[PDB]
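# Notes for the structure review
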Amino acid sequence: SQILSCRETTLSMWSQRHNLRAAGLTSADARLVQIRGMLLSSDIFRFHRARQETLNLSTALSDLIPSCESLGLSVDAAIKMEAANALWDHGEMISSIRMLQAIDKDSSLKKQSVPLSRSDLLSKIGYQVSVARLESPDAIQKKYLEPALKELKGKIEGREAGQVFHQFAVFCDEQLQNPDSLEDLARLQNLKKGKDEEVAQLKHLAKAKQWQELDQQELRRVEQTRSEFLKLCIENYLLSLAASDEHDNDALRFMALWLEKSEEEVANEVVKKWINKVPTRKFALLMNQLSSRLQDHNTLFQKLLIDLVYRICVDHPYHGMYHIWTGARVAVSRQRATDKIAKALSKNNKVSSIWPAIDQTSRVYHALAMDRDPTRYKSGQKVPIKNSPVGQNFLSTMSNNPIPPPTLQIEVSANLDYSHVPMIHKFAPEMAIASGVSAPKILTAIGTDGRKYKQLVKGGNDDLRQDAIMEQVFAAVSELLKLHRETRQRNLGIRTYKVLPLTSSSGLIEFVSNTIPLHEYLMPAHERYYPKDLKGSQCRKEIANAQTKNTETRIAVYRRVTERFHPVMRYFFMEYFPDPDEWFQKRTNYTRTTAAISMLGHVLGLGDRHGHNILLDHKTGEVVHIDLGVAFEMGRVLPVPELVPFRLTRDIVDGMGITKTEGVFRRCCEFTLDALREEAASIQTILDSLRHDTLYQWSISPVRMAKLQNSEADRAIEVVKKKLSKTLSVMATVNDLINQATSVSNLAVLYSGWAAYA
Ligand SMILES: Nc1ncnc2c1ncn2[C@@H]1O[C@H](COP(=O)(O)OP(=O)(O)OP(O)(O)=S)[C@@H](O)[C@H]1O
Ligand SMILES: [Mg+2]
């Protein structure tokens, strides 16, 4: 605000003082520059939601119009549009709409400086008239949207056309999923059904048949209207994706809309016509959903889907070829189709030194994962990977085939240039081993640029596709958080990692760089700082013995245990960051990331939040949540249910200081939850894309349910949708959540492996 106000003063004074200016700078030039600087400041003030400053600016701009018309400037349209924006942002919807319509009626948008295209004005009026319900959705399309598409004049590239096409596509989509129109279609369908049943009962007949035919004609009209809307929706989504990059979650919405209509040949003809102009970098992150619908059926849907998956794997190989490999090496048809795509991939010129590399490398990674020997691999040791035959074959094969580390997160390149990606140079000679049955081994790889990429080569009978899908969903929602001022100002978001499933029994997990598990810090620290307290194992055993007793005894035992167990988390920051400046910044990072993941894991039902799934990053302070596969409330179905919204035990809360909760954690919870329920449409779109994934399981299979404690899509998405309801205020919702997350009667009846005493 300070810089922008001083800039306003500067530009106005320079425009007034004619003798200070140079020779060839007339007063029209100074005036025009002043106006442009003011309009820029108005954009900036609008995002900050500073109402009074946009009001001041638009008033001071409207006062310049008389003195601008005498200098020979035509800046009335841009300034009146700024006034209309101020009105709309103060709540005057009808006044803003009337002002924009007056701009459109009597103004020459062609011959005037500070240009203003007629199609963006028309689409602005159309958007505002739709929001205010000021006209029927059949006149909005006839007066504002189709005239806008006609004003583009065949230009199908740029941000102007991107805005127009996204406007029109969202309008048509909104017309399809309309509760009134769906009720009307259902009513006409029941009428047709009942009248046909009555006619069958009879075979009076003449009039009955005539009424039946009139019903049929009405139903044909309604269905044809819906078919036109579907055509326009799909076509304009595809044209908006091909024009600009402003709207790129239109790829997720187009994909959901197209997978719902895989049989309606109308949709497939429109897609066939327009699909080849979208850059494949828009679909690159949707390969879990695309490669799950592959089949060999010779239809048109499959001939489009297979070609799209092929082009994605050719342009961005490190984003599609592992999906193809996993798919090759209704399940039989999917495997056959993925095998055909793989055979075609190992035939073309662009990707031919890349597909064999990934082939051989994945084979040896899987072989190394599956190889368990209790003698050759002792849990906790550190074995040089040259003594097993699998180890030597692995090292040789990896030396002969250079690839980027499979757990490195590669960003998608618009220029299609993946040469700047570090390849695996060599492997560290040894590999660690963790405790389990099928020994998870932690490899290290030294890359070309000289960094160390550690990896968990996880083998056994686990399902990493759940964890990978949920990591992708959480990353998408955290990306939604960046669009709002309050959460973006605080960098509220989650830390991601990379899961890569190789087969149905093995995967590569990214070993997060310099973290430490929460339980592995907390259990030694508890006895280092309080040598007279109970041990972690004594508390766990004491709580597990009273697991088959009444709630009164369980709560009494829990109080007795936590009276002899004091939190020590506040020391994690006093012993990794002794400098007060750094200590304060890192403790704030911890609090903010804990708040963001608490709200985000309440909204998505995230469970299984024990100490071994939470990592503490001792370089930046901020927590990382891994193992995100038990989501959508699957955790309160277990034998000993997890009935808390998130993990907020005494140690998580002790890491926050004098102000236990009231402070940074509560304000950040409220900003997160306030930004989440203003993106409920986008979260619905993400979960809808999840709904068309044939391989995602919406219930926890008794295998993992036994590994954890020693329509389902419709119910889950409905629960998510009612957690984002604006009925209660954010303050009251967060108060309730923090009351039930820290309650002793809730924490006392949790499973003993969920270390709640801690
Ligand atoms: N991707 C990862 N990055 C960094 N550390 C990890 C990662 N995955 C697991 N860890 C940690 O390294 C160890 C590996 O844990 P695992 O033995 O694979 O599974 P686990 O969670 O320990 O077993 P349970 O069922 O939870 S008792 C644990 O101490 C984890 O905290
Ligand atoms: Mg784990």
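The PDB entry lists the chain under the name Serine/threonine-protein kinase Tel1, from Chaetomium thermophilum. For this entry, the PDB record gives the title as "Structure of the closed conformation of CtTel1".

Let us now look at helix α3 (residues 51–62). With twelve residues, α3 ought to run about 16 Å at 1.5 Å a step, and its terminal C-alpha atoms sit 17 Å apart, in line with that. Those residues of α3 that fall on the buried side of the exposure criterion are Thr54, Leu57, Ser58 and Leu61. The arc that holds the buried residues of α3, viewed along the axis, is 95°, so those residues lie on one side. Packed against the buried residues of α3 are α1 (2–16), α2 (27–47), α4 (65–69) and α5 (76–90).

The next thing to look at is empty space enclosed by the protein. The volume enclosed by the largest cavity comes to roughly 170 Å³. What lines the largest cavity is a set of 17 residues, and nearest its centre among them are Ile597, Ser598, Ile614, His625 and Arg647. The set of elements that each furnish at least two residues to the lining of the largest cavity consists of α26 (580–603), β9 (614–617) and β10 (623–625). For the lining of the largest cavity, the element with the highest residue contribution is α26, accounting for six residues. Classifying every residue of the lining of the largest cavity gives ten nonpolar, five polar and two charged.

The subject of this paragraph is the environment of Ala706. In this fold, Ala706 is placed in helix α30 (residues 702–708). Assessed through its relative accessible area of 52%, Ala706 is described here as exposed. In this structure, the C-alpha to C-alpha distance between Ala706 and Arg691, residues 15 residues apart in sequence, is 26 Å.

Feature annotation in UniProt assigns "binding site: Mg(2+)" (unreviewed entry) to the following positions: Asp627. You can see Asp627 is positioned in the loop between β10 and α27 (650–654). By relative accessible area, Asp627 is classed as buried at 19%.

What follows concerns the domain arrangement of the chain. If you check the domain split of the chain, you get domain 1 (1–155), domain 2 (245–351), domain 3 (352–460 + 497–512) and domain 4 (461–496 + 513–758). Taking only C-alpha atoms into account, the centre of domain 2 sits 27 Å from that of domain 3. Taken residue by residue, the interface counts 21 residues in domain 2 and 23 residues in domain 3. In total, about 2,000 Å² of surface goes out of reach between domain 2 and domain 3, with carbon and sulfur atoms giving 70% of it. Looking only at domain 2, the three residues that lose the most surface to domain 3 are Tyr318, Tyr322 and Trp325, adding up to 43% of its buried area. The interface formed by domain 2 and domain 3 contains one salt bridge. Of the charged contacts in the structure, one is a salt bridge between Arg329 and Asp359, with a shortest N-O distance of 2.7 Å.

Further remarks concern the nonpolar core. Formed by 166 residues in total, the largest nonpolar core has its most connected members in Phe254, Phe283, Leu290, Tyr365 and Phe632. Counting residues per element, this core draws most heavily on helix α15 (residues 300–315), at nine residues. With near-sequence residues (within four places) excluded, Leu290 lies in contact with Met255, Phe283, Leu305, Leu308, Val309 and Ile312. Judged by nonpolar contacts, the second largest core, of 17 residues, contains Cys539, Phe565, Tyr757 and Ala758.

With that settled, consider the packing of helix α11 (residues 205–241) against helix α13 (residues 265–274). How two helices pack is summed up by the angle between their axes together with the distance between the axes. Contact geometry of α11 with α13 gives a least axis separation of 10 Å together with a crossing angle of 25°. Classified by the interaxial angle, the pair formed by α11 and α13 is roughly parallel. Crossing handedness for the pair α11 and α13: right-handed. Contacts between α11 and α13 involve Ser227, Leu230, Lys231, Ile234, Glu235, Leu238 and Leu239 from the former and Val266, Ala267, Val270, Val271 and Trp274 from the latter.

So, on to the pairing of strand β6 (residues 499–503). Counting buried positions along β6 yields four of five residues, so the element is predominantly enclosed. Relative to strand β7 (residues 506–510), β6 runs antiparallel, the two sharing four bridges. Among the inter-strand pairings, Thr503 is bridged to a residue of β7, identified as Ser506. Connecting β6 to the antiparallel partner β7 that follows it, the hairpin turn spans two residues.

The next thing to look at is the packing of α26 against helix α28 (residues 664–676). One can describe the packing of α26 onto α28 by two numbers: an axis separation of 8 Å at closest approach and a directional angle of 40°. As far as their axial angle goes, α28 and α26 are oblique. Between α26 and α28 the crossing geometry is right-handed. Two secondary-structure elements touch here, α26 through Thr591, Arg592, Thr594, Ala595, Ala596, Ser598, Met599, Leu600 and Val603 and α28 through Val664, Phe665, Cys668, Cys669, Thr672, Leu673 and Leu676. A breakdown of the residues in the contact of α26 with α28 according to their chemical character gives eleven nonpolar, four polar and one charged.

The local shell around ligand 1 consists of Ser435, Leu456, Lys458, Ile509, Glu510, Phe511, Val512, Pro517, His610, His612, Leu615 and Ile626. At 3.0 Å from an oxygen atom of ligand 1 is found a main-chain nitrogen or oxygen belonging to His612. Elements with a contribution of two residues or more to the shell around ligand 1: β5 (452–459) and β7. In this structure, the shell around ligand 1 is formed jointly by two domains, domain 3 (352–460 + 497–512) and domain 4 (461–496 + 513–758), each of which donates at least three residues.

Turning our attention to the sheet that holds β9. Read across the sheet, three strands follow the order β8-β9-β10 without closing on themselves; strand pairing throughout is antiparallel. Pairing within the sheet leaves two strands with one partner each, and these edge strands are β8 (515–517) and β10. Adjacent strand axes in the sheet meet at a mean angle of 30° when their direction is disregarded. Where β8 and β9 come together, three bridges link them in antiparallel fashion.

Another aspect to go through is the pattern of salt bridges. Within the structure shown, the criterion is met by 37 salt bridges. Each of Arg46, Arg51, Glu82 and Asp89 takes part in a single network of salt bridges with overlapping partners.

Quick look at the packing of aromatic side chains now. Within the structure shown, the criterion is met by 17 aromatic pairs. Here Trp88 and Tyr127 contribute two aromatic rings whose centre-to-centre distance is 6.5 Å and whose plane-to-plane angle is 55°, an arrangement assigned as tilted. Of this pair, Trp88 sits in helix α5 while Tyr127 is found in helix α7 (residues 118–131), placing the two residues 39 residues apart along the sequence. The buried category is assigned to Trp88, whose relative accessible area is 18%. What makes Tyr127 partly exposed here is its relative accessible area of 41%. Summarising the aromatic geometry, the rings of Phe394 and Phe427 are spaced 5.0 Å apart at their centres and angled 80° between planes, so their arrangement reads as edge-to-face. Of this pair, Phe394 sits in helix α19 (residues 389–400) while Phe427 sits in strand β2 (residues 424–427), and the two are 33 residues apart along the sequence. Across the pair, exposure class does not vary: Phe394 and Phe427 are buried alike. Over the aromatic face of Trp754 sits the side chain of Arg647, whose NZ or CZ is 4.3 Å from the ring centroid.

The rules behind each value
Residues numbered from 1 in each chain as written, not as in the entry; some residues may be left out. Chains lettered and ligands numbered in written order. Part of a larger assembly, values for the part shown. Heavy atoms only, no water. Helix = DSSP H or I, 4+ residues; strand = E, 2+ residues; numbered from the N terminus. Expected span 1.5 Å × (residues − 1). Buried < 20%, exposed > 50% of the residue type's maximum accessible area, 1.4 Å probe, protein only. Arc of directions from axis to C-beta. Contact = heavy atoms within 4.5 Å. 1 Å grid on protein atoms, 1.4 Å probe; cavity = no way out; pocket = protein on both sides within 12 Å on 5 of 7 lines; lining within 4 Å. Points joined across faces, edges and corners; volume = space filled by probe spheres on them. Nonpolar A, V, L, I, M, F, W, Y, C, P; charged D, E, K, R; others polar. UniProt positions renumbered as here; feature names shortened; annotations may be inferred. Domains from an automatic or database assignment. Buried area = accessible area lost by both parts, 1.4 Å probe. Salt bridge = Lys/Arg side-chain N within 4 Å of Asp/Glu carboxyl O. Core = buried A, V, L, I, M, F, W, Y, C linked by side-chain atoms within 4.5 Å. Axes fitted to C-alpha atoms, helices over the stretch in contact; angles between N-to-C directions. Parallel < 35°, antiparallel > 145°, perpendicular 65-115°, else oblique. Left-handed = near helix turned anticlockwise from the far one by under 90°. Pairing = 2+ DSSP bridges. Near = heavy atom within 4 Å. Polar contact = N/O pair within 3.5 Å; in protein donor to acceptor, adjacent residues only side chain to side chain. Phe/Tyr/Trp six-rings, centres within 6.5 Å; stacked < 30°, edge-to-face > 60°. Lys NZ or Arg CZ within 6 Å of the ring centre and 35° of its normal.

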